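Engineer: The file below is start.pdb, PDB, C-alpha atoms:
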```pdb
ATOM      1  CA  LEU S   5      94.021  99.368 119.829  1.00  0.00           C
ATOM      2  CA  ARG S   6      94.378  97.051 116.811  1.00  0.00           C
ATOM      3  CA  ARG S   7      94.657  96.945 113.026  1.00  0.00           C
ATOM      4  CA  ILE S   8      93.489  94.210 110.622  1.00  0.00           C
ATOM      5  CA  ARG S   9      93.594  94.483 106.819  1.00  0.00           C
ATOM      6  CA  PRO S  10      92.237  91.352 105.079  1.00  0.00           C
ATOM      7  CA  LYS S  11      91.201  90.392 101.542  1.00  0.00           C
ATOM      8  CA  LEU S  12      87.583  90.058 100.454  1.00  0.00           C
ATOM      9  CA  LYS S  13      85.791  87.309  98.493  1.00  0.00           C
ATOM     10  CA  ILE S1005      80.627  87.375 105.526  1.00  0.00           C
ATOM     11  CA  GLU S1006      78.906  89.378 108.265  1.00  0.00           C
ATOM     12  CA  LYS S1007      81.226  87.568 110.690  1.00  0.00           C
ATOM     13  CA  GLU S1008      83.928  89.904 109.345  1.00  0.00           C
ATOM     14  CA  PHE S1009      82.153  93.169 110.170  1.00  0.00           C
ATOM     15  CA  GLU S1010      81.087  91.401 113.373  1.00  0.00           C
ATOM     16  CA  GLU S1011      84.617  90.778 114.665  1.00  0.00           C
ATOM     17  CA  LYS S1012      85.716  94.047 113.046  1.00  0.00           C
ATOM     18  CA  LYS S1013      83.049  95.910 115.020  1.00  0.00           C
ATOM     19  CA  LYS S1014      84.199  94.198 118.230  1.00  0.00           C
ATOM     20  CA  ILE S1015      87.591  95.887 117.868  1.00  0.00           C
ATOM     21  CA  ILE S1016      86.114  99.331 117.162  1.00  0.00           C
ATOM     22  CA  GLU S1017      83.807  98.972 120.180  1.00  0.00           C
ATOM     23  CA  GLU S1018      86.444  98.405 122.867  1.00  0.00           C
ATOM     24  CA  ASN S1019      88.573 100.952 121.004  1.00  0.00           C
ATOM     25  CA  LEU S1020      85.832 103.558 121.431  1.00  0.00           C
ATOM     26  CA  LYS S1021      85.259 102.107 124.903  1.00  0.00           C
ATOM     27  CA  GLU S1022      88.911 102.706 125.783  1.00  0.00           C
ATOM     28  CA  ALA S1023      88.874 105.980 123.827  1.00  0.00           C
ATOM     29  CA  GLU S1024      85.954 107.252 125.909  1.00  0.00           C
ATOM     30  CA  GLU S1025      87.462 105.911 129.142  1.00  0.00           C
ATOM     31  CA  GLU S1026      90.670 107.809 128.326  1.00  0.00           C
ATOM     32  CA  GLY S1027      91.236 111.469 127.569  1.00  0.00           C
ATOM     33  CA  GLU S1028      91.933 110.597 123.914  1.00  0.00           C
ATOM     34  CA  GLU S1029      88.955 112.498 122.534  1.00  0.00           C
ATOM     35  CA  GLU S1030      90.821 113.297 119.313  1.00  0.00           C
ATOM     36  CA  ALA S1031      90.956 109.545 118.728  1.00  0.00           C
ATOM     37  CA  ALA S1032      87.410 108.976 120.016  1.00  0.00           C
ATOM     38  CA  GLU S1033      86.142 111.314 117.290  1.00  0.00           C
ATOM     39  CA  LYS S1034      87.852 109.079 114.726  1.00  0.00           C
ATOM     40  CA  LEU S1035      86.348 106.128 116.607  1.00  0.00           C
ATOM     41  CA  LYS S1036      82.886 107.653 116.222  1.00  0.00           C
ATOM     42  CA  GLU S1037      83.978 108.412 112.637  1.00  0.00           C
ATOM     43  CA  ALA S1038      85.262 104.872 112.038  1.00  0.00           C
ATOM     44  CA  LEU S1039      81.984 103.254 113.094  1.00  0.00           C
ATOM     45  CA  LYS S1040      80.328 105.919 110.932  1.00  0.00           C
ATOM     46  CA  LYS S1041      81.987 104.383 107.868  1.00  0.00           C
ATOM     47  CA  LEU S1042      81.292 100.903 109.265  1.00  0.00           C
ATOM     48  CA  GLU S1043      77.545 101.550 109.253  1.00  0.00           C
ATOM     49  CA  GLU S1044      77.898 102.716 105.651  1.00  0.00           C
ATOM     50  CA  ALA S1045      79.753  99.402 105.236  1.00  0.00           C
ATOM     51  CA  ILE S1046      77.270  97.156 107.050  1.00  0.00           C
ATOM     52  CA  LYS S1047      74.290  98.999 105.537  1.00  0.00           C
ATOM     53  CA  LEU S1048      75.559  98.900 101.945  1.00  0.00           C
ATOM     54  CA  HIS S1049      76.111  95.158 102.415  1.00  0.00           C
ATOM     55  CA  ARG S1050      72.657  94.416 103.835  1.00  0.00           C
ATOM     56  CA  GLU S1051      71.220  96.866 101.292  1.00  0.00           C
ATOM     57  CA  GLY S1052      72.654  94.676  98.532  1.00  0.00           C
ATOM     58  CA  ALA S1053      75.603  96.447  96.934  1.00  0.00           C
ATOM     59  CA  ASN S1054      78.544  94.738  95.261  1.00  0.00           C
ATOM     60  CA  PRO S1055      81.626  94.002  97.411  1.00  0.00           C
ATOM     61  CA  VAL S1056      83.640  96.741  95.672  1.00  0.00           C
ATOM     62  CA  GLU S1057      81.414  99.323  97.399  1.00  0.00           C
ATOM     63  CA  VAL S1058      81.058  97.460 100.707  1.00  0.00           C
ATOM     64  CA  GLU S1059      84.784  96.927 101.289  1.00  0.00           C
ATOM     65  CA  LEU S1060      85.364 100.530 100.194  1.00  0.00           C
ATOM     66  CA  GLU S1061      83.477 101.547 103.343  1.00  0.00           C
ATOM     67  CA  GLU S1062      84.887  98.627 105.345  1.00  0.00           C
ATOM     68  CA  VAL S1063      88.489  99.648 104.636  1.00  0.00           C
ATOM     69  CA  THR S1064      87.436 103.239 105.311  1.00  0.00           C
ATOM     70  CA  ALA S1065      86.200 101.971 108.679  1.00  0.00           C
ATOM     71  CA  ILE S1066      89.295  99.773 109.014  1.00  0.00           C
ATOM     72  CA  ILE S1067      91.800 102.581 108.405  1.00  0.00           C
ATOM     73  CA  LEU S1068      89.823 105.080 110.499  1.00  0.00           C
ATOM     74  CA  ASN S1069      89.755 102.641 113.409  1.00  0.00           C
ATOM     75  CA  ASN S1070      93.484 102.224 112.682  1.00  0.00           C
ATOM     76  CA  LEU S1071      94.101 105.964 112.200  1.00  0.00           C
ATOM     77  CA  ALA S1072      93.261 106.796 115.819  1.00  0.00           C
ATOM     78  CA  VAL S1073      95.638 104.116 117.129  1.00  0.00           C
ATOM     79  CA  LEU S1074      98.545 106.133 115.736  1.00  0.00           C
ATOM     80  CA  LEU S1075      96.949 109.255 117.220  1.00  0.00           C
ATOM     81  CA  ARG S1076      96.857 107.558 120.630  1.00  0.00           C
ATOM     82  CA  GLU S1077     100.597 106.855 120.320  1.00  0.00           C
ATOM     83  CA  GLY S1078     101.393 110.397 119.174  1.00  0.00           C
ATOM     84  CA  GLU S1079     102.183 109.051 115.689  1.00  0.00           C
ATOM     85  CA  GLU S1080     100.323 111.856 113.948  1.00  0.00           C
ATOM     86  CA  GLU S1081     103.255 112.119 111.531  1.00  0.00           C
ATOM     87  CA  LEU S1082     102.317 108.647 110.276  1.00  0.00           C
ATOM     88  CA  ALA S1083      98.612 109.383 110.784  1.00  0.00           C
ATOM     89  CA  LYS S1084      98.991 111.934 107.984  1.00  0.00           C
ATOM     90  CA  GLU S1085      99.887 109.028 105.689  1.00  0.00           C
ATOM     91  CA  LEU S1086      96.626 107.269 106.583  1.00  0.00           C
ATOM     92  CA  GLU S1087      94.545 110.428 106.135  1.00  0.00           C
ATOM     93  CA  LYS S1088      95.861 110.541 102.565  1.00  0.00           C
ATOM     94  CA  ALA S1089      94.651 106.950 102.237  1.00  0.00           C
ATOM     95  CA  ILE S1090      91.273 108.126 103.539  1.00  0.00           C
ATOM     96  CA  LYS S1091      91.265 111.024 101.067  1.00  0.00           C
ATOM     97  CA  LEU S1092      91.973 108.474  98.335  1.00  0.00           C
ATOM     98  CA  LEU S1093      89.186 106.256  99.696  1.00  0.00           C
ATOM     99  CA  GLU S1094      86.629 109.080  99.774  1.00  0.00           C
ATOM    100  CA  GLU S1095      87.417 110.713  96.420  1.00  0.00           C
ATOM    101  CA  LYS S1096      87.081 107.357  94.606  1.00  0.00           C
ATOM    102  CA  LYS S1097      83.785 106.162  96.084  1.00  0.00           C
ATOM    103  CA  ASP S1098      82.171 107.795  93.044  1.00  0.00           C
ATOM    104  CA  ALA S1099      84.659 106.139  90.682  1.00  0.00           C
ATOM    105  CA  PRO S1100      84.557 103.192  88.239  1.00  0.00           C
ATOM    106  CA  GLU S1101      84.403  99.675  89.689  1.00  0.00           C
ATOM    107  CA  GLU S1102      88.075  99.162  88.828  1.00  0.00           C
ATOM    108  CA  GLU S1103      89.026 102.596  90.180  1.00  0.00           C
ATOM    109  CA  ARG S1104      87.321 101.718  93.479  1.00  0.00           C
ATOM    110  CA  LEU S1105      89.338  98.612  94.369  1.00  0.00           C
ATOM    111  CA  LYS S1106      92.440 100.265  92.893  1.00  0.00           C
ATOM    112  CA  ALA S1107      92.332 102.776  95.754  1.00  0.00           C
ATOM    113  CA  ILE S1108      91.335 100.090  98.270  1.00  0.00           C
ATOM    114  CA  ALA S1109      94.513  98.201  97.373  1.00  0.00           C
ATOM    115  CA  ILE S1110      96.559 101.377  97.863  1.00  0.00           C
ATOM    116  CA  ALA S1111      94.660 101.948 101.111  1.00  0.00           C
ATOM    117  CA  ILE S1112      95.533  98.504 102.477  1.00  0.00           C
ATOM    118  CA  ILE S1113      99.100  98.868 101.173  1.00  0.00           C
ATOM    119  CA  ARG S1114      99.635 102.298 102.746  1.00  0.00           C
ATOM    120  CA  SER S1115      98.211 101.005 106.022  1.00  0.00           C
ATOM    121  CA  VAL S1116     100.690  98.117 105.898  1.00  0.00           C
ATOM    122  CA  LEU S1117     103.345 100.716 105.087  1.00  0.00           C
ATOM    123  CA  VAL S1118     102.678 102.928 108.105  1.00  0.00           C
ATOM    124  CA  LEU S1119     102.424  99.883 110.383  1.00  0.00           C
ATOM    125  CA  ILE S1120     105.829  98.625 109.224  1.00  0.00           C
ATOM    126  CA  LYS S1121     107.457 101.974 110.015  1.00  0.00           C
ATOM    127  CA  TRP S1122     105.679 102.072 113.379  1.00  0.00           C
ATOM    128  CA  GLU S1123     106.598  98.432 114.101  1.00  0.00           C
ATOM    129  CA  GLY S1124     110.111  98.894 112.703  1.00  0.00           C
ATOM    130  CA  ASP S1127     113.778  95.602 104.927  1.00  0.00           C
ATOM    131  CA  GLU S1128     114.516  99.314 104.497  1.00  0.00           C
ATOM    132  CA  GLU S1129     114.925  99.631 100.724  1.00  0.00           C
ATOM    133  CA  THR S1130     111.666  97.720 100.235  1.00  0.00           C
ATOM    134  CA  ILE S1131     109.895 100.624 101.947  1.00  0.00           C
ATOM    135  CA  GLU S1132     111.646 102.963  99.509  1.00  0.00           C
ATOM    136  CA  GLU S1133     110.526 100.410  96.894  1.00  0.00           C
ATOM    137  CA  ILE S1134     106.852 100.166  97.883  1.00  0.00           C
ATOM    138  CA  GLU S1135     106.307 103.818  98.831  1.00  0.00           C
ATOM    139  CA  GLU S1136     107.612 104.794  95.383  1.00  0.00           C
ATOM    140  CA  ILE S1137     105.182 102.321  93.798  1.00  0.00           C
ATOM    141  CA  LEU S1138     102.296 104.360  95.240  1.00  0.00           C
ATOM    142  CA  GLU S1139     103.528 107.675  93.801  1.00  0.00           C
ATOM    143  CA  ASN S1140     102.850 106.398  90.266  1.00  0.00           C
ATOM    144  CA  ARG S1141      99.686 104.544  91.239  1.00  0.00           C
ATOM    145  CA  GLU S1142      98.115 105.046  87.791  1.00  0.00           C
ATOM    146  CA  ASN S1143     101.004 103.503  85.815  1.00  0.00           C
ATOM    147  CA  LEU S1144     100.201 100.132  87.419  1.00  0.00           C
ATOM    148  CA  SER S1145      97.673  97.299  87.316  1.00  0.00           C
ATOM    149  CA  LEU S1146      95.592  95.510  89.926  1.00  0.00           C
ATOM    150  CA  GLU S1147      97.728  92.363  89.668  1.00  0.00           C
ATOM    151  CA  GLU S1148     100.747  94.487  90.646  1.00  0.00           C
ATOM    152  CA  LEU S1149      99.054  96.253  93.574  1.00  0.00           C
ATOM    153  CA  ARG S1150      97.763  93.004  95.075  1.00  0.00           C
ATOM    154  CA  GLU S1151     101.305  91.671  94.663  1.00  0.00           C
ATOM    155  CA  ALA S1152     102.673  94.794  96.361  1.00  0.00           C
ATOM    156  CA  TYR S1153     100.319  94.216  99.293  1.00  0.00           C
ATOM    157  CA  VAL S1154     101.526  90.604  99.303  1.00  0.00           C
ATOM    158  CA  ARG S1155     105.117  91.859  99.358  1.00  0.00           C
ATOM    159  CA  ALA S1156     104.316  94.533 101.950  1.00  0.00           C
ATOM    160  CA  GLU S1157     102.364  92.213 104.258  1.00  0.00           C
ATOM    161  CA  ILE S1158     105.255  89.735 104.091  1.00  0.00           C
ATOM    162  CA  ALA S1159     107.707  92.501 105.002  1.00  0.00           C
ATOM    163  CA  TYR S1160     105.483  93.413 107.954  1.00  0.00           C
ATOM    164  CA  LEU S1161     105.144  89.809 109.136  1.00  0.00           C
ATOM    165  CA  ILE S1162     108.943  89.648 108.967  1.00  0.00           C
ATOM    166  CA  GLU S1163     109.025  92.430 111.586  1.00  0.00           C
ATOM    167  CA  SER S1164     105.959  91.125 113.456  1.00  0.00           C
ATOM    168  CA  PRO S1168     106.967  84.543 112.213  1.00  0.00           C
ATOM    169  CA  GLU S1169     109.519  82.623 110.156  1.00  0.00           C
ATOM    170  CA  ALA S1170     106.538  81.428 108.076  1.00  0.00           C
ATOM    171  CA  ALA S1171     106.554  84.759 106.213  1.00  0.00           C
ATOM    172  CA  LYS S1172     109.612  83.947 104.093  1.00  0.00           C
ATOM    173  CA  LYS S1173     107.900  80.670 103.177  1.00  0.00           C
ATOM    174  CA  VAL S1174     105.267  82.783 101.423  1.00  0.00           C
ATOM    175  CA  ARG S1175     108.138  84.932 100.150  1.00  0.00           C
ATOM    176  CA  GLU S1176     109.680  81.692  98.880  1.00  0.00           C
ATOM    177  CA  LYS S1177     106.438  80.975  97.017  1.00  0.00           C
ATOM    178  CA  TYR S1178     106.635  84.522  95.645  1.00  0.00           C
ATOM    179  CA  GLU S1179     110.119  83.726  94.332  1.00  0.00           C
ATOM    180  CA  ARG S1180     108.948  80.477  92.711  1.00  0.00           C
ATOM    181  CA  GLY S1181     106.371  82.517  90.788  1.00  0.00           C
ATOM    182  CA  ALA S1182     103.407  80.880  92.561  1.00  0.00           C
ATOM    183  CA  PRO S1183      99.988  82.247  91.529  1.00  0.00           C
ATOM    184  CA  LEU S1184      98.897  85.402  93.316  1.00  0.00           C
ATOM    185  CA  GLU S1185      95.632  83.788  94.431  1.00  0.00           C
ATOM    186  CA  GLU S1186      97.798  81.352  96.408  1.00  0.00           C
ATOM    187  CA  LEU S1187     100.005  84.125  97.815  1.00  0.00           C
ATOM    188  CA  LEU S1188      96.814  85.502  99.390  1.00  0.00           C
ATOM    189  CA  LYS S1189      95.625  82.194 100.862  1.00  0.00           C
ATOM    190  CA  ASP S1190      98.720  81.735 103.022  1.00  0.00           C
ATOM    191  CA  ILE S1191      98.838  85.460 103.825  1.00  0.00           C
ATOM    192  CA  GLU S1192      95.223  85.718 104.981  1.00  0.00           C
ATOM    193  CA  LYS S1193      95.755  82.414 106.788  1.00  0.00           C
ATOM    194  CA  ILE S1194      98.502  84.151 108.774  1.00  0.00           C
ATOM    195  CA  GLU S1195      95.976  86.864 109.608  1.00  0.00           C
ATOM    196  CA  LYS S1196      93.556  84.081 110.538  1.00  0.00           C
ATOM    197  CA  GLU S1197      96.411  82.429 112.444  1.00  0.00           C
ATOM    198  CA  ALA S1198      96.634  85.521 114.663  1.00  0.00           C
TER
END
```
Could you quickly redo this structure as structure tokens?

Structural biologist:
Amino acid sequence: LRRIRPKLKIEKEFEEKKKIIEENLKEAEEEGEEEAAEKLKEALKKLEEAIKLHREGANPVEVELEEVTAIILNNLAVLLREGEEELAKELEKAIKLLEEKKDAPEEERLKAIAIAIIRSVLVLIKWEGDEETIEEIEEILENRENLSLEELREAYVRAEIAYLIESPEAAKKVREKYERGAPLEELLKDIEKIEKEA
């Protein structure tokens, strides 16, 4: 299957996101992977709560909270299809963090969503693979409360770059802009462009 973790701030997103989950469940039902197919039925479950809460009129901090929950859950069963249930435990903790903070302050909501996207980058790097940075980013998540949002979005920027290193050469260009101190809004534009590039 596939994994995509973007940045928010529209229905075309959940549109193309649903397309992945569909053929995923399509392949999950065509295959004996019924443990994954449950997550597939469970991923679209959180995608309805994502597409409903958007068309119902909630703020993006609650919509993406169910989108990422549908993103990771669609991504959780991919690791289950590959027998990577050891790494799938790391994404279930991200789900547990996503579910326990849906009744949390607006800043506590996106604070977990950032950790959710980061942890998903983290497990994908280990699956698709530069070593001390994992022992640098995974230790950042242990003290998740001692940090700010500007540091977690930077960590996702650093983590996504490290992943795209082990994916083009255009990742260190964004890393170069990180080293020049470029604004973090710009470090997202080129990063999400790379996701739009693929």

Engineer: Once the PyMOL selection byres ((chain S and resi 1041) around 7) is applied to the coordinates I shared, what remains selected? I want it as JSON, numbers by chain.

Structural biologist: {"S": [1037, 1038, 1039, 1040, 1042, 1043, 1044, 1045, 1061, 1062, 1064, 1065]}

Engineer: In Å, how far is it from atom CA of residue S:1095 to atom CA of residue S:1008?

Structural biologist: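 Those two atoms sit 24.7 Å apart.
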
Engineer: Using only C-alpha atoms, which of S:1090, S:1161, S:1035, S:1118 sits nearest residue S:1060?

Structural biologist: S:1090

Engineer: Leaving out residue S:1086 and any residue of its chain fewer than 4 positions from it, which residues lie within 12 Å of it when counting all atoms listed in the file, given as a PDB file with C-alpha atoms, in the frame of the given file?

Structural biologist:
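The resulting file, selection_26.pdb, is reproduced below:
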```
ATOM      1  CA  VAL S1063      88.489  99.648 104.636  1.00  0.00           C
ATOM      2  CA  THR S1064      87.436 103.239 105.311  1.00  0.00           C
ATOM      3  CA  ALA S1065      86.200 101.971 108.679  1.00  0.00           C
ATOM      4  CA  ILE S1066      89.295  99.773 109.014  1.00  0.00           C
ATOM      5  CA  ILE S1067      91.800 102.581 108.405  1.00  0.00           C
ATOM      6  CA  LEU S1068      89.823 105.080 110.499  1.00  0.00           C
ATOM      7  CA  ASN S1069      89.755 102.641 113.409  1.00  0.00           C
ATOM      8  CA  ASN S1070      93.484 102.224 112.682  1.00  0.00           C
ATOM      9  CA  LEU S1071      94.101 105.964 112.200  1.00  0.00           C
ATOM     10  CA  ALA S1072      93.261 106.796 115.819  1.00  0.00           C
ATOM     11  CA  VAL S1073      95.638 104.116 117.129  1.00  0.00           C
ATOM     12  CA  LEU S1074      98.545 106.133 115.736  1.00  0.00           C
ATOM     13  CA  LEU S1075      96.949 109.255 117.220  1.00  0.00           C
ATOM     14  CA  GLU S1079     102.183 109.051 115.689  1.00  0.00           C
ATOM     15  CA  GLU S1080     100.323 111.856 113.948  1.00  0.00           C
ATOM     16  CA  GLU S1081     103.255 112.119 111.531  1.00  0.00           C
ATOM     17  CA  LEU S1082     102.317 108.647 110.276  1.00  0.00           C
ATOM     18  CA  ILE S1090      91.273 108.126 103.539  1.00  0.00           C
ATOM     19  CA  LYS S1091      91.265 111.024 101.067  1.00  0.00           C
ATOM     20  CA  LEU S1092      91.973 108.474  98.335  1.00  0.00           C
ATOM     21  CA  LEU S1093      89.186 106.256  99.696  1.00  0.00           C
ATOM     22  CA  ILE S1110      96.559 101.377  97.863  1.00  0.00           C
ATOM     23  CA  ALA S1111      94.660 101.948 101.111  1.00  0.00           C
ATOM     24  CA  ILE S1112      95.533  98.504 102.477  1.00  0.00           C
ATOM     25  CA  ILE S1113      99.100  98.868 101.173  1.00  0.00           C
ATOM     26  CA  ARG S1114      99.635 102.298 102.746  1.00  0.00           C
ATOM     27  CA  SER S1115      98.211 101.005 106.022  1.00  0.00           C
ATOM     28  CA  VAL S1116     100.690  98.117 105.898  1.00  0.00           C
ATOM     29  CA  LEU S1117     103.345 100.716 105.087  1.00  0.00           C
ATOM     30  CA  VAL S1118     102.678 102.928 108.105  1.00  0.00           C
ATOM     31  CA  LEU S1119     102.424  99.883 110.383  1.00  0.00           C
TER      32      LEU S1119
END
```

Engineer: How big is the axis-aligned box, and where does its centre sit, when it encloses all atoms of stretch 1036-1040 of chain S listed in the file and has 5 Å added on every side, reported in Å to one decimal as JSON?

Structural biologist:
```
{"center_x": 82.8, "center_y": 105.8, "center_z": 113.6, "size_x": 14.9, "size_y": 15.2, "size_z": 15.3}
```

Engineer: I'd like to know which of S:1158, S:1056, S:1182, S:1170 is closest to residue S:13, using all atoms listed in the file.

Structural biologist: S:1056

Engineer: Give me, please, the distance in Å between atom CA of residue S:1015 and atom CA of residue S:8, quoted to one decimal.

Structural biologist: 9.5 Å

Engineer: Place a sphere of radius 9 Å on (107.0, 86.5, 99.4) in the file coordinates and name every protein, DNA or RNA residue with an atom inside or on its surface, counting all atoms listed in the file; give the answer as a PyMOL selection string.

Structural biologist: chain S and resi 1154-1159+1171-1179+1187

Engineer: For this structure, which residues satisfy the selection - the PyMOL selection byres ((chain S and resi 1017) around 12) - when it is evaluated on the file as given? I want them as a tab-separated table (two decimals) with C-alpha atoms, keeping the file's coordinate frame.

Structural biologist:
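Result file is out_4.tsv:
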```tsv
chain	number	residue	atom	x	y	z
S	5	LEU	CA	94.02	99.37	119.83
S	6	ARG	CA	94.38	97.05	116.81
S	1009	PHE	CA	82.15	93.17	110.17
S	1010	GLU	CA	81.09	91.40	113.37
S	1011	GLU	CA	84.62	90.78	114.66
S	1012	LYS	CA	85.72	94.05	113.05
S	1013	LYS	CA	83.05	95.91	115.02
S	1014	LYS	CA	84.20	94.20	118.23
S	1015	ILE	CA	87.59	95.89	117.87
S	1016	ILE	CA	86.11	99.33	117.16
S	1018	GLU	CA	86.44	98.40	122.87
S	1019	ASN	CA	88.57	100.95	121.00
S	1020	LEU	CA	85.83	103.56	121.43
S	1021	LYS	CA	85.26	102.11	124.90
S	1022	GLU	CA	88.91	102.71	125.78
S	1023	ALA	CA	88.87	105.98	123.83
S	1024	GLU	CA	85.95	107.25	125.91
S	1025	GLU	CA	87.46	105.91	129.14
S	1032	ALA	CA	87.41	108.98	120.02
S	1035	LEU	CA	86.35	106.13	116.61
S	1036	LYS	CA	82.89	107.65	116.22
S	1038	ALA	CA	85.26	104.87	112.04
S	1039	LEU	CA	81.98	103.25	113.09
S	1042	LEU	CA	81.29	100.90	109.26
S	1069	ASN	CA	89.76	102.64	113.41
```

Engineer: For residue S:1102, which residue out of S:1163, S:1087, S:1136, S:1057 is the nearest one, using all atoms listed in the file?

Structural biologist: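 Going through S:1163, S:1087, S:1136, S:1057 one by one, the smallest distance to residue S:1102 is for S:1057.
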
Engineer: Residues near residue S:1197, anyone? I mean within 12 Å using all atoms listed in the file, not counting same-chain ones fewer than 3 positions away, as a ChimeraX atom specification.

Structural biologist: /S:1161,1168,1170,1189-1194

Engineer: Convert the current residue selection to file output with C-alpha atoms, as an mmCIF file, in the frame of the given file.

Structural biologist:
```
data_model
loop_
_atom_site.group_PDB
_atom_site.id
_atom_site.type_symbol
_atom_site.label_atom_id
_atom_site.label_comp_id
_atom_site.auth_asym_id
_atom_site.auth_seq_id
_atom_site.Cartn_x
_atom_site.Cartn_y
_atom_site.Cartn_z
ATOM 1 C CA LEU S 1161 105.144 89.809 109.136
ATOM 2 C CA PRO S 1168 106.967 84.543 112.213
ATOM 3 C CA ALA S 1170 106.538 81.428 108.076
ATOM 4 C CA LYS S 1189 95.625 82.194 100.862
ATOM 5 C CA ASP S 1190 98.720 81.735 103.022
ATOM 6 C CA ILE S 1191 98.838 85.460 103.825
ATOM 7 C CA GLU S 1192 95.223 85.718 104.981
ATOM 8 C CA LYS S 1193 95.755 82.414 106.788
ATOM 9 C CA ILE S 1194 98.502 84.151 108.774
#
```

Engineer: How far is it from atom CA of residue S:1053 to atom CA of residue S:1105, in Å with one decimal?

Structural biologist: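 It comes out at 14.1 Å.
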
Engineer: For residue S:1127, which of S:1107, S:1162, S:1144, S:1029 is the closest residue, counting all atoms listed in the file?

Structural biologist: S:1162

Engineer: Some atoms are missing, so please complete stretch 1160-1177 of chain S with N, CA and C atoms and return it as a short mmCIF file (atom, residue, chain, number, x, y, z; two decimals), keeping the file's coordinate frame.

Structural biologist:
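Once everything was written out, this is result_31.cif:
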```
data_model
loop_
_atom_site.label_atom_id
_atom_site.label_comp_id
_atom_site.auth_asym_id
_atom_site.auth_seq_id
_atom_site.Cartn_x
_atom_site.Cartn_y
_atom_site.Cartn_z
N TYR S 1160 105.98 93.13 106.61
CA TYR S 1160 105.48 93.41 107.95
C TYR S 1160 105.59 92.18 108.84
N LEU S 1161 105.09 91.04 108.35
CA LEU S 1161 105.14 89.81 109.14
C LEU S 1161 106.57 89.35 109.39
N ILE S 1162 107.54 89.85 108.62
CA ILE S 1162 108.94 89.65 108.97
C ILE S 1162 109.27 90.37 110.27
N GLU S 1163 108.81 91.62 110.39
CA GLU S 1163 109.02 92.43 111.59
C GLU S 1163 107.85 92.37 112.55
N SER S 1164 107.11 91.26 112.57
CA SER S 1164 105.96 91.12 113.46
C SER S 1164 106.40 90.88 114.89
N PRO S 1168 106.28 85.82 111.98
CA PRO S 1168 106.97 84.54 112.21
C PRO S 1168 108.01 84.26 111.14
N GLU S 1169 108.66 83.10 111.24
CA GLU S 1169 109.52 82.62 110.16
C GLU S 1169 108.72 82.08 108.98
N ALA S 1170 107.41 81.90 109.15
CA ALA S 1170 106.54 81.43 108.08
C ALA S 1170 106.23 82.50 107.05
N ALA S 1171 106.77 83.71 107.20
CA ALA S 1171 106.55 84.76 106.21
C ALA S 1171 107.45 84.57 105.00
N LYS S 1172 108.71 84.20 105.21
CA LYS S 1172 109.61 83.95 104.09
C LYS S 1172 109.23 82.69 103.32
N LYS S 1173 108.46 81.79 103.93
CA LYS S 1173 107.90 80.67 103.18
C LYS S 1173 106.95 81.17 102.09
N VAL S 1174 106.10 82.14 102.43
CA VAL S 1174 105.27 82.78 101.42
C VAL S 1174 106.13 83.61 100.47
N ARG S 1175 107.17 84.25 101.00
CA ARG S 1175 108.14 84.93 100.15
C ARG S 1175 108.84 83.94 99.23
N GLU S 1176 109.13 82.74 99.73
CA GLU S 1176 109.68 81.69 98.88
C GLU S 1176 108.72 81.35 97.75
N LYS S 1177 107.43 81.23 98.06
CA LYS S 1177 106.44 80.97 97.02
C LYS S 1177 106.33 82.15 96.05
#
```
